[PDB]
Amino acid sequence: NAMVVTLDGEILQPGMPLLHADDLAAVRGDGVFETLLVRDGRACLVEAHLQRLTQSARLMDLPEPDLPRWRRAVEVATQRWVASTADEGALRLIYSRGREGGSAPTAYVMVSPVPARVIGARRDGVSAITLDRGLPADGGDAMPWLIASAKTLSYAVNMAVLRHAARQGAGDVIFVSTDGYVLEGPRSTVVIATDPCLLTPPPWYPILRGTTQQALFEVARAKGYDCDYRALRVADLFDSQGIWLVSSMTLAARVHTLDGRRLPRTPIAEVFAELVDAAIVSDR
């Protein structure tokens, strides 16, 4: 089971319920969150994630998060996990609008074991299918009210999209816009390799900006790799030398099969795993 740490720094008893029945995180999915990886005694890219928490909170008209109190709760939760186990941990920051009719927002951090599915996805890779998201490429900017760039607690469709792919024998999904441009995964950001330069869809599309992807581009640029944001199509995916689904939890999952077509492997696949490994510890 998991560990809970409120921003007061108090660690919760394992069995005690925390949230009220009228908390807007549960009644309306009204809140924002972030996911952190605990590896080798510390959480990875803490500050980069707290900046996205601020950007998500700003988009959601939530009180601006108090970073000194969040940092302390992360440090306390981290020290409890690494004390209990040497395994990697899944750290989550939950930031809700609070109870209904009550102004105090709900905030706590939570660490849980890393699911075994990610260890296989890192190890073996994934098979993915392309799905039409339904949004055009101008969705994130021309329609700001749709808050597509925010990591909200309203993940029902993302989970349903994965359930749909599971029934099709696929391990993940790549969303594509109505006009045919690659968007993102339901829980990951798409990164491409070509000829050496690494490409990902631009962030002004109706997609999130990935903390892992940004840290990946920064180290890759420092090591001599040209990185750039371009509009990608499904054909560009198949003509590539590699496809990855990058995320804070699943560091780098290579897409070995896309829509039933097996994609060939490239020597670049082993170095890519090193880059994300080096990326998530760039803050250290």
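In case it trips you up, residue 1 is the first one in the sequence shown, and so on.
Looking at mean Cα B-factors across 46 to 54 and 218 to 226, the upper value is held by 218 to 226.
In this crystal structure, the stretch out of 24 to 32 and 255 to 263 whose C-alpha atoms carry the higher mean B factor is 255 to 263. Going by the entry's values, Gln79 shows the largest Cα B-factor out of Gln79, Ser96, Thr152, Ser149. Per the deposited coordinates, the residue with the largest Cα temperature factor out of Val157, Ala165, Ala83, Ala90 is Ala83.
Per the deposited record, the Cα B-factor of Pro196 falls in the highest third when ranked against the other modelled residues of its chain.
For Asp172, the recorded CA temperature factor ranks within the lowest third of the chain's modelled residues. In the PDB entry, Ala142 places in the highest third of its chain by CA B-factor. Annotation for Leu232: C-alpha temperature factor in the middle third relative to the rest of the modelled chain, per the entry. Split the chain's modelled residues into thirds by C-alpha temperature factor. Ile119 is in the highest one.
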